[PDB]
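Novice: Sharing a structure, written as structure tokens. Questions coming.
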Amino acid sequence: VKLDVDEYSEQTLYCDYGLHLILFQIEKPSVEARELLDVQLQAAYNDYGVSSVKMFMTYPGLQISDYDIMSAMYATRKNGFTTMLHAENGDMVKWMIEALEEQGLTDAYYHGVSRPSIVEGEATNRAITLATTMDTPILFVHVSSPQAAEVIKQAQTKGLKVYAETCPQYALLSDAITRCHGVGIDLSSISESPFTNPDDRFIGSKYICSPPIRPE
Amino acid sequence: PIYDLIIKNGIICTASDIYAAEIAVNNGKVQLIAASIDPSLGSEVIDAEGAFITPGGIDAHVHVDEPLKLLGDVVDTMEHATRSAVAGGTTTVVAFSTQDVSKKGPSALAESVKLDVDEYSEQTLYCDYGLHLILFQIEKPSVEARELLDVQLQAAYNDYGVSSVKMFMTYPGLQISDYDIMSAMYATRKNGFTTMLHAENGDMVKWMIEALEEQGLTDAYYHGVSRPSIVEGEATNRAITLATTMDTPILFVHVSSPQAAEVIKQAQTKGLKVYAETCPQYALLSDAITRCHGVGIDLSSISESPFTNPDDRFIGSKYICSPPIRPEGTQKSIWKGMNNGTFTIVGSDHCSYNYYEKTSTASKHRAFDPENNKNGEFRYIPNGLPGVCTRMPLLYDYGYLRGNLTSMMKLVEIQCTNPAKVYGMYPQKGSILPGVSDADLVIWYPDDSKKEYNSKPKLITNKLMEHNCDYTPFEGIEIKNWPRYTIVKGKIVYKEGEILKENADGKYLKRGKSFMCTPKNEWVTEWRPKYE
Amino acid sequence: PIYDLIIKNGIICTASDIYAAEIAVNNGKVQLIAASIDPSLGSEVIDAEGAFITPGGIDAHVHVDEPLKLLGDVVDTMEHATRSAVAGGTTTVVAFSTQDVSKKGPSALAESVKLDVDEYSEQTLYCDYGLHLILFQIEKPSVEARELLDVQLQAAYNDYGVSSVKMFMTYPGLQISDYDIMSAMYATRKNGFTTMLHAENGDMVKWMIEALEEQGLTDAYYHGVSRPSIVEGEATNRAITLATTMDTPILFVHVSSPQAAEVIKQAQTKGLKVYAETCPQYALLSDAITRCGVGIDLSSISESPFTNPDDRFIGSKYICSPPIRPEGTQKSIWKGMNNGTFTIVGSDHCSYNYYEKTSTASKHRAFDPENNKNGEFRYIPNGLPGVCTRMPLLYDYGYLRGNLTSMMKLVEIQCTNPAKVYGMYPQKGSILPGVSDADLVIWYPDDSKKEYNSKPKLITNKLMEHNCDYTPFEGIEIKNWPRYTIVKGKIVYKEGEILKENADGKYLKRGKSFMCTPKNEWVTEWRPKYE
Ligand SMILES: O=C1CCNC(=O)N1
Ligand SMILES: O=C1CCNC(=O)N1
Ligand SMILES: O=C1CCNC(=O)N1
Ligand SMILES: [Zn+2]
Ligand SMILES: [Zn+2]
Ligand SMILES: [Zn+2]
Ligand SMILES: [Zn+2]
Ligand SMILES: [Zn+2]
């Protein structure tokens, strides 16, 4: 946390900022590692008032196992942290990326094809199951999947402490904007997109995010 | 005479019909169904005395001792397991071939099956057997590997008629990633294989075992605590999601979780090809039997358990299996699943380790090995129950007679016919079809009779099992019916408590592709496999 | 010869098995199944040429002309309906007996059945028929209601073997309150009857019809608009709640709504004894046919709003209740058939002429100016002819085109389950030596290059062998048809010809269904006095 605070203390800041901590390297076995991960969160909180931890279930180098998530959840619950998860199944994303590339389907549009809503639904379900077993309040970041929203809703109805975040782009944009060809933005009104600039085959990259902008 | 065997005065039960008729058998096969068959036409005549005649049971989840020792030493050979099966009215078993990771190339998986077939061809076999293939080592990356895995499945099917693959989502050394499951599913769908999954979250099981041991909670009872139903629910959900993405028919083995049954049910309602197996133990036993303290067994009537032997702190190991026997209140949901179409089939997950001998490599007490840092902790308990024998009578009694199953037709569907259909053994196996069926038949005792049958057992005992294990978890309980005759390929192999060894002529069974396992051709995205 | 009939070279299909074997028939019954039967042992031998042999279809939802004229004048008699059934491979029909509110006392309901049995005993019957009882007048208070109803049901069963009762939650004069349904359920459960419900909310239907008429929205298309799926969903939910409270096995007839299928499915998963019927029209047609993949290419249908757009009244051909649903609904009907939601499939056969306008049995009955009727949808007689096309439609669009999983599922829902749920099993519905009436259908072979002049390519009115002047499926392709329909051991239909000399159908006394014994599960501690 110090690296960021020190860097930004040198810049002109127009409003206040806080910081979440991202965790991608978790010590194993869990029990041995317990005392340090606990103590490390305590220090982060005591020194810098960081009380949230972010983790990923996808992305090479960021994706962590369910086992490691449990280890982290043990620490975060004990410390009253806000636990955040990017819930997409990394294995499915990885496998499907390779399958598409093998067929030469590598244009920006296939980013969405590589990871349909069901992938986000699965990981979210799995993450709720972890959080339940671990009795840990959990927040899902940038939710975009109906299936994810459904299991989140069911958890909330049960009274489990499951919170969620969504983003404007998931309510306002559909994946048609990532390639050539009413509760949202009229996509034809957007300037400098595949619709307006069909020749620029790379322009869909403007709207590439994770999880992807979803189908109509 | 023109027929080897005539069965008279019986009631035929199939997966869809119950009716009084008679059967003639010749050259190992069902020949004829008619109202009345002249007894002079048969060499042997059996008077069923009003009892039900069912097809022989087909148990597609049996674990036998095998050369690669995947589950360590198991007490039953194929000889022992088929003898036990026939004493309990099961006439076909399907066991498991362990992937031999020492073999490489196109023939590597055919070679894995070869080890088992060769080993068993030297044993006395009481009924036929087929083999599933177990896969735990999958080549990566996905694509690079496609050519060979596909080719390896083709070879296994072409050489040995293996058309099913079993995979694990839990157990150290067996658990494979979602990535690898997808790679396998690519190959199995292409090949029309039956894809099987043991769906428990291994990471969650692993983590929770470590947590419990840290607290010294290592008794047999905490086996269940280490892996609640939600764990099985999660993995099942995840596996359905993979199968959907991959458009691959999938079967869940030994389902025990309400949450797993729920997501399975929902998939079936959507029309996805998702099949499921459960086991008697999941309907009949609760986890109270693993430590000392109406839709199932009165646990107090079971002999030699923590209830009867409270001092023996290790005796709970008799009932340790995976997934675990569940808490009270779960069992009713298992019967519901059986009735409502959730469970396509019922197997035993037969897997035997001795309890009353402590020294051998096939003992439950294998968990005590001070020299290997093993002191009887639940983690080290060999998982499994003997159950190939008791499977059919248990569902006959506790299912049909006691009203937990809706009819005898439902019983035959899940115990006989669907197992054959889903594992490519139909129509040769599973039914009573003149000119077509192997004459694999069970004649029960009549239910409404006041006649005494000295041969008819009242209680389940270890001796009744005809197996190589020294215990059965169902020791001491009442059993209201049993096979009176088990007929395997036209011959009486079991009659009124006696095994007829001279009639043992079981053989390895080459299976076909299941008609239930052709893909739905429905996809989540526009992506299709190259070969489509 | 020791057998009347031998069927060789065929593939037997049952509700659980498909296999090559041969059948011998004698004295009206299945006598033998074997690999090969000596042709010299039979008086008649049929070479099936590799084709499927199924049990005859059992259509448990057929409407015939009856003396009390509940549905006004219907064009088909029992004679016409059984002839049509047999031409399409159905060998047992179950029609309906209208409660005669003029008959009083313990025998009141047996006497209602008597009217029909007596009327039909005088007609040529091509196959067997049973009867359901329709109830619309229930006595109050409940304690009296449920008690005479007890004795009246006993008499109906004892005299005529009627073991099913049909009730409505919609239609003026038919609709009964939940209170009355409970009274009837008390009686039917006590008597092990099969209880049937037409579950649409009548109040909502009534209100919405008046609302549409007020806006002048009276064309045939607005029949669907007046009663969307949510209306069927609601009533079905309400009826399950009643059946649960009353611990009474229940069957929903002609289910068409995804919402109704949903609550049905949920009940079934719970283990509640809730059965359901759907109909080919609900999987095959969408409501676009009433005005101007999964099922029928609607443009291929002849004489519809598409082909005759000037004829503003032609949509009436496709008006039924519940209505043919909007596009996108049809797939869920096939899913229900495959997943266990629908126990059975019937036709809800109910015929009114279209090409004659003047008779009491015409669709144009809706035009009656001196009676304040001017062709408004409300006045259109509801129903489609469907007893003939039911089996071939599922054979083709179900099995061959892959909407149903197998031939075994087809036989299960078309043949075996109808017999089981309506007390006709094992006499009917299967192929059981020494036990089954020899009611069998031999189809044409599917993968053959051989020409069969007698095999129809299109569905036409003439092919129906009925007394109606139209079929809603006129003009559409059909990829298979019964080549032989065998009824009680006799060929009644052969290669496009009805063999009237072999018509020997009879009234069918039915038993209590094993599927309709109660679950013995209750919401509260309350139990019926007799329990
Ligand atoms: O969460 C993330 C990482 C960076 N941005 C994005 O689109 N997804
Ligand atoms: O599936 C399995 C492996 C063998 N034993 C067991 O209990 N579960
Ligand atoms: O139930 C009925 C009566 C006849 N036809 C119809 O459409 N509904
Ligand atoms: Zn993210
Ligand atoms: Zn297992
Ligand atoms: Zn197993
Ligand atoms: Zn109706
Ligand atoms: Zn009707």
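Numbers in chain C come straight from Swiss-Prot, and the residues shown are 2-293, 303-541, in order.
Quick check of the header: X-ray crystallography, 2.4 Å.
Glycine is treated like the rest: Cβ placed from N, Cα and C.
For C:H62, C:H64, C:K167, C:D358, the entry in Swiss-Prot reads Zn(2+) 1 binding site. What Swiss-Prot records for C:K167, C:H199, C:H255 is Zn(2+) 2 binding site. Annotation source Swiss-Prot lists substrate binding site at C:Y172, C:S331, C:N392. Per Swiss-Prot, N6-carboxylysine is recorded for C:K167, and the stated evidence type is experimental evidence.
For each feature listed, report its degree of burial, its nearest neighbours and the pertinent distances within the displayed model.
Specialist: C:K167 (Zn(2+) 1 binding site) falls within a strand when secondary structure is assigned with DSSP. Around the Cβ of C:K167 (Zn(2+) 1 binding site), the same chain contributes C:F97, C:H133, C:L134, C:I135, C:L136, C:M197, C:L198, C:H199, C:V254, each under 8 angstroms and 6 or more positions distant in sequence.
A sphere of 10 angstroms centred on the C-beta of C:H255 (Zn(2+) 2 binding site) encloses 22 other C-beta atoms. Under DSSP, C:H255 (Zn(2+) 2 binding site) is assigned to coil, being neither helix nor strand in the three-state scheme.
For the recorded site, C:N392 (substrate binding site), the DSSP three-state label reads coil.
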Novice: Restricting to the chain of C:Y172 (substrate binding site) and a gap of 6 or more, list residues whose Cβ falls under 8 Å of its Cβ, or answer none.
Specialist: C:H199, C:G203, C:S331
Novice: Specify all same-chain residues, apart from the site residues C:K167, C:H199, C:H255, whose Cβ lies within 8 angstroms of the center of the Cβ atoms of the Zn(2+) 2 site, ordered by sequence.
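Specialist: Going along the sequence, the neighbours appear as C:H62, C:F169, C:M197, C:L198, C:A200, C:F253, C:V254, C:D358.
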Novice: Scan C:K167, C:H199, C:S331, C:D358, C:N392 for binding-site residues whose C-beta lands under 6 Å from an atom of ligand 8 and note them, or write none.
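Specialist: Only C:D358 qualify.
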Novice: Enumerate the residues of the same chain, C:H62, C:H64, C:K167, C:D358 excluded, that satisfy the criterion Cβ within 8 A of the mean position of the Cβ atoms of the recorded Zn(2+) 1 site; list them in sequence order.
Specialist: C:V63, C:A96, C:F97, C:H133, C:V254, C:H255, C:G356, C:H359, C:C360
Novice: Taking DSSP three-state, what's C:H199 (Zn(2+) 2 binding site) in: helix, strand or coil?
Specialist: strand
Novice: Which binding-site residues from the list C:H64, C:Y172, C:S331, C:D358 come close to ligand 3, meaning a Cβ under 6 Å from one of its atoms?
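Specialist: Among C:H64, C:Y172, C:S331, C:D358, near ligand 3: C:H64, C:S331, C:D358.
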Novice: If you measure every Cα to Cα pair among C:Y172, C:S331, C:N392, the residues listed for substrate, what is the largest value in Å?
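Specialist: Per the listed residues, the maximum Cα distance equals 11 Å.
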Novice: Which binding-site residues, if any, among C:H62, C:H64, C:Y172, C:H199, C:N392 have a Cβ under 6 Å from ligand 7, given in order along the chain?
Specialist: C:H199
Novice: Rounded to an integer, what is the Cα-Cα distance in Å between C:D358 (Zn(2+) 1 binding site) and C:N392 (substrate binding site)?
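Specialist: Their Cα atoms are separated by 10 Å.
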